[PDB]
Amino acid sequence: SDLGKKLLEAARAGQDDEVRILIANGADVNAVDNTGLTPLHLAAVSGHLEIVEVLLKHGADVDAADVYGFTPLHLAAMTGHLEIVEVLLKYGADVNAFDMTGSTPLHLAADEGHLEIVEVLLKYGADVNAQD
C-alpha cells in the first residue's frame, strides 16, 4: 500500500518498530491524513514519545498544522505529554504557534489544567500575551 498511510497508522498505534521499518523503506515522514494529521501529530497526541523522537530525527516538520491549526505541540500540550512537549521544543517547535482560534499550546495547556506543561512552555519563551 502507500507507506505514508502505513506510517500514519503505526504512529497512531504506537508501533515503534513498524515506524522505523517504514522510515527505512522510504515512508514520507510528512504524510498527512484527511484532516491534516501527520505521523508526528498522531504520535504526539497519543503520547508515543519514542516515535515522536524518531520522526523528528528524520526531519519531520515540527510545525505542520492540521485542519484545526493544531501543531503537534498543540496536541501534546492539550493532552499533558510533558516529555513530548520538551522534545518538540528542542527541535524548534514554535512555542507561540496559533491554531485557528488564535490559541497557542500554552492557552490549551492552561485550559486543560496541565500546569507542568504551562511552566515548560513559559521556560521556552511562551508569550502569555501572544495574539493573532
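Sequential numbering from 1, following the sequence displayed.
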Give the stretch, out of 68 to 76 and 88 to 96, with the larger mean C-alpha temperature factor in the deposited entry. 88 to 96
Given 122 to 130 and 1 to 9, the range whose Cα B-factors average higher in the PDB entry: 1 to 9
Out of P39, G102, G36, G26, residue topping the C-alpha B-factor column of the entry: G26
Most elevated Cα B-factor in the entry, residues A44, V62, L55, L106: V62
For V19, does the deposited CA B-factor place it in the lowest, middle or highest third of the chain? highest
Split the chain's modelled residues into thirds by Cα B-factor; is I117 in the lowest, middle or highest one? middle
